[PDB]
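1. these are from a larger complex, still in place; more later:
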Amino acid sequence: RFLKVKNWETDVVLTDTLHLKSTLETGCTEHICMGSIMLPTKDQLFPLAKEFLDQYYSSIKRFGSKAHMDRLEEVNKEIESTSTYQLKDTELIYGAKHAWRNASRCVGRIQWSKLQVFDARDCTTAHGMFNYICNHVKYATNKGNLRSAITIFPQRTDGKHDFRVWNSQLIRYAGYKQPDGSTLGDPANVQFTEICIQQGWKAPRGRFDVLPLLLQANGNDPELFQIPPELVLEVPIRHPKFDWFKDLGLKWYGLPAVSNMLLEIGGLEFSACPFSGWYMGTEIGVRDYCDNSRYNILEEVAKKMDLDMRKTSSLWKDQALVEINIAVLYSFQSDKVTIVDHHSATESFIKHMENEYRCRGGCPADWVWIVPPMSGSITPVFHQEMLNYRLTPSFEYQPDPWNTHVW
């Protein structure tokens, strides 16, 4: 019941005790493992609140102090009365840093404690949300020297007054279905792109159109807004040895900023909480560019390289994959936009795991997400056993608002 994890390349064995503090369910049972599935009252609120405050006061070496006992009463009285409660700033900051700390799918968590938290709980309108977001984007972009940040909008009330960013990331490219049957731009965003168009956006109908923000305050209908282009840092993609690479016409944006998730802290639900850090190269080079259902450029790149595309066993896909990812790296580096390669990231995450094992007694890690989608086994995370479990505070998925929202 104290569990061991072995690294098979180093034989380093770590003992996990943090899992016993585990809260939610995984989706697995003793009969069936669901490891590779993508999506596997006043009465409820007080336990959740207490559980959170207890770990907060423990973290600041004040467990069982009068300041602890007092906050616990003050929160309880506020729930008994208002049916919700408000977090102190210090708790909000702790809660967000820790939700990132607990994110089992994030390889970048060595960074978890440098998070700039922007408290937007005073926001009331879409225009206000727009101001907050532009500010986050500029702050985080930092002219290419990216800094992690989250912006937190007001917490859920009766669930008819939700704040929501409808975008899946603050910045993403448009996707359009054509008469052709094919898809122009990013096919991941086809549906959102049509919701924007349906709302009244004028699409340039190109390959890399930055989507408009679609913002919903206090449960109202959402509203379109263009992010000032001078705030959207983008990198043209070239290759350090293939001169023709630039003619492929590829670019990507510098700032990854997930915006459709829900932050839960002490039973409280923050349904609009966009956060951002910086890219690992493979996210763009392998997934965004090469997934068959994304930009799908392997065919075209291989041609420019004059590889034998006649049989799979030439490994032409694999060969092209590497060059594309060399190119993503080289470009961001050339332009001084922060980016991390998969070797460095995974090495860092291993050191993070070791840190957490000795300091916290463990680290929840979803191996399926942690191992990069190229060159898996030449990264140390491949050989690392990982235990996956759910801790709060957390980031959780939540339904796309268009299936829910009342118009």
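-> Done, it's in. Residues are numbered from 1 along each chain as shown, chains lettered A, B, ... in the order given.
2. residue A:390 touches residue A:18, doesn't it?
-> No. Assessed by C-beta atoms under 8 Å, residue A:390 is found out of contact with residue A:18, at 11.5 Å. (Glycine included, C-beta is placed from N, CA and C.)
3. list residues touching both of these two?
-> Residues touching both residue A:390 and residue A:18 (C-beta atoms under 8 Å, 6 or more residues apart in numbering) are residue A:364.
4. neighbour count for these two, which is higher?
-> Taking neighbours as other C-beta atoms under 10 Å, residue A:390 and residue A:18 compare with residue A:18 leading, 19 against 16.
5. quick one: residues contacting the nearest residue to residue A:351 once chain neighbours are set aside.
-> With C-beta to C-beta, 6 or more residues apart in numbering as the criterion, residue A:351 has its nearest non-adjacent residue at 6.5 Å, and that residue is residue A:110. Listed by C-beta under 8 Å, 6+ apart, the contact partners of residue A:110 are A:348-349, A:351-352, A:355.
6. hmm, try it at 10 Å
-> A:345, A:347-353, A:355-356 (C-beta atoms under 10 Å, 6 or more residues apart in numbering).
7. just the buried ones among these, please.
-> A:345, A:348-350, A:352-353, A:356 (16 or more other C-beta atoms under 10 Å).
8. where exactly do the helices run in the stretch 201-350 of chain A?
-> Ranges of helices in the stretch 201-350 of chain A, per DSSP state H, counting those that start in this stretch, are A:281-282, A:289-290, A:298-304, A:316-334, A:342-360.
9. switch the buried ones among the contacts of residue A:110 over to a markdown table; also include distance to residue A:167.
-> Converted to a markdown table, the buried ones among the contacts of residue A:110 look like this (distance: C-beta to C-beta, whole Å):
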| residue | distance to residue A:167 |
| --- | --- |
| A:345 | 25 |
| A:348 | 28 |
| A:349 | 27 |
| A:350 | 33 |
| A:352 | 29 |
| A:353 | 32 |
| A:356 | 32 |
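10. ok so, going back, quick check: the residue nearest to residue A:351 vs residue A:266, distance?
-> 25 Å (C-beta to C-beta, to the nearest Å).
11. tell me what the residue nearest the centre of chain A is bridged to.
-> Taking C-alpha atoms, centre = their mean, the centroid of chain A lies closest to residue A:258, which sits 4.6 Å from it. Residue A:258 forms beta bridges with residue A:169, residue A:275, as assigned by DSSP bridges.
12. how about the one 10 residues further on?
-> According to DSSP bridges, the partner residues bridging residue A:268 are residue A:265.
13. tell me the SS of residue A:67?
-> helix (DSSP: H, G, I helix; E, B strand; the rest coil).
14. mind checking how far residue A:345 is from residue A:41?
-> 41 Å.
15. chain B follows; place it on the structure:
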Amino acid sequence: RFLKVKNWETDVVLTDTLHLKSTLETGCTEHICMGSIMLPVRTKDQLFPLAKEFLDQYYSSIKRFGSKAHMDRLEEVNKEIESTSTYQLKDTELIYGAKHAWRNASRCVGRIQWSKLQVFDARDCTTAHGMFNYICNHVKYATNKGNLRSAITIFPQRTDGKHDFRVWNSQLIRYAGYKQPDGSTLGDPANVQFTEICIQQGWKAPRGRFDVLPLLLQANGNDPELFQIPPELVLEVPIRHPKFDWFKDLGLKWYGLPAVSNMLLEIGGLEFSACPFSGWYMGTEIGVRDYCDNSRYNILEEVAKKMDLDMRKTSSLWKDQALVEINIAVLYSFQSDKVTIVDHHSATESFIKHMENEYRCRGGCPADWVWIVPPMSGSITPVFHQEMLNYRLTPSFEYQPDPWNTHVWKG
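-> Chain B goes in next, on the same frame as the chains above:
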């Protein structure tokens, strides 16, 4: 109740009911997933149920469930168990059993082939020398001059746990590992311990980078014995690259026949502790893992040096570039010598088709995603995007401890 898996690339949704016929445990609980953990004397008491379940399966497969021959077989197994404590499989039940253990191996990407398996019945074997003869026949049959054929050889089942047949090698064919006084390793570092055991048992070691290990064989719970596979039976392939002429001068080769020999086969509750089986290699096994694991041959530096890559920063992706070239070389070398091999694109595509067939015909297909997805180019193979349910079905192959860890030395 039914369970769905989705392919995120095609939106194809599958429904699994087969997991309902699982009972063995996974290592996971509702609070912890152990999906990436490598490793997460039976009495009459347990035995008849395990026998019954298996024979109910066998008899349904052959469309004879509830038949007179079905019922008589249950009754006869029942009587044999109570009289003798154990029972013997018929030849047909053994064949069906070994095939189904392959079919249910959730870590095998090659299962499209599950029904084409040559079963060698070595249940009459009594000595190590007898084991050696059986294994040679296996290797010559499976090898077939490069045109590989899947096969398994099944030595007598466990009785009291004191009379076990064991193949002490982890594969029938594999290279020696030698730890030097300077702390480096010559040959394969995966095989250092087993190599040391062989030497202690009397093996004269050539001490090279690719010495084919001797078979170390145990019959009927006796001290195991050494045997040299005849070299003319060991197909090996020198590794060269179609465009890099210096590649051959690295001096790499590999054997063509992968044959796992240290697993236990369970059929209707019986335990076959020596059951070596073989098919053919997926290229990444040798190219990615055997050559490129840091704990294995570890050739990335030597290779990349030769390619004159920028080795001064990881972000050149010099490792990734050399890895691809090494894998191209492995597949080129095998195909040029007409030894069967499969690339990872081809093997994963076939597996997805196998998997869907199995959902439609069988009601499911247990798969372990962590193992199925190849250790290079993960997401450009269709399995990466395929959700999978992992669970334990019988008949099965299982791990078992290395025999030097349990064996009582006779002398």
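16. once more for the contacts of residue A:110, now including chain B?
-> For residue A:110, the contacting residues are A:345, A:347-353, A:355-356, by C-beta atoms under 10 Å, 6 or more residues apart in numbering or on different chains.
17. and residue A:63, by the same measure?
-> By C-beta under 10 Å, 6+ apart, the neighbours of residue A:63 are A:54-57.
18. and it, how far is that from residue A:54?
-> Residue A:63 is 7 Å from residue A:54, by C-beta to C-beta.
19. restricted to helices, list the contacts of residue A:63.
-> Among the contacts of residue A:63, the members falling in helices (DSSP state H) are A:54-57.
20. and chain B, is the helix or strand that residue A:197 is a member of touching that?
-> Counting by DSSP states H and E, the element that carries residue A:197 is helix A:190-199. No. Applying C-beta under 10 Å from any C-beta of the partner chain, one finds helix A:190-199 separated from chain B by no less than 12.8 Å.
21. chain center to that helix, what's the gap?
-> Centroid separation for helix A:190-199 versus its chain: 22 Å, with C-alpha atoms, centre = their mean, to the nearest Å.
22. on that earlier part again, quick check, the residue nearest to the centre of chain A in contact with residue A:283.
-> No. Counting by C-beta atoms under 10 Å, residue A:258 does not reach residue A:283; the two are 11.4 Å apart.
23. possible to save the ones in helices among the contacts of residue A:63 as JSON lines with neighbour count and distance to chain B?
-> Shown next, in JSON lines, are these (neighbours: other C-beta atoms under 10 Å in any protein chain shown; distance: C-beta to the nearest C-beta, whole Å):
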{"residue": "A:54", "neighbour count": "15", "distance to chain B": "19"}
{"residue": "A:55", "neighbour count": "18", "distance to chain B": "18"}
{"residue": "A:56", "neighbour count": "22", "distance to chain B": "23"}
{"residue": "A:57", "neighbour count": "19", "distance to chain B": "25"}
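24. now flag whichever of those residues is closest to residue A:217.
-> The closest of those to residue A:217 turns out to be residue A:56 (C-beta to C-beta; 28.9 Å).
25. ok now do the residue nearest to the centre of chain A, which residues does it touch?
-> Contacts of residue A:258 by C-beta under 10 Å, 6+ apart are A:150, A:165, A:167-170, A:273-277, A:395.
26. how far away is it from chain B?
-> 17 Å (C-beta to the nearest C-beta, to the nearest Å).
27. try residue A:45
-> 22 Å.
28. nearest residue to that residue in space, please, no chain neighbours.
-> Residue nearest to residue A:45 in three dimensions, not counting chain neighbours: residue A:267, with 4.7 Å by C-beta to C-beta, 6 or more residues apart in numbering or on different chains.
29. what about the one you found, how many residues nearby?
-> Using other C-beta atoms under 10 Å in any protein chain shown, residue A:267 has 20 neighbouring residues.
30. give the contact list for residue A:12.
-> A:5-6, A:350, A:353-354, A:357, A:384.
31. over to residue A:14?
-> So residue A:14 contacts A:3-7, A:353-354, A:356-358, A:361-363, A:384-387 (C-beta under 10 Å, 6+ apart).
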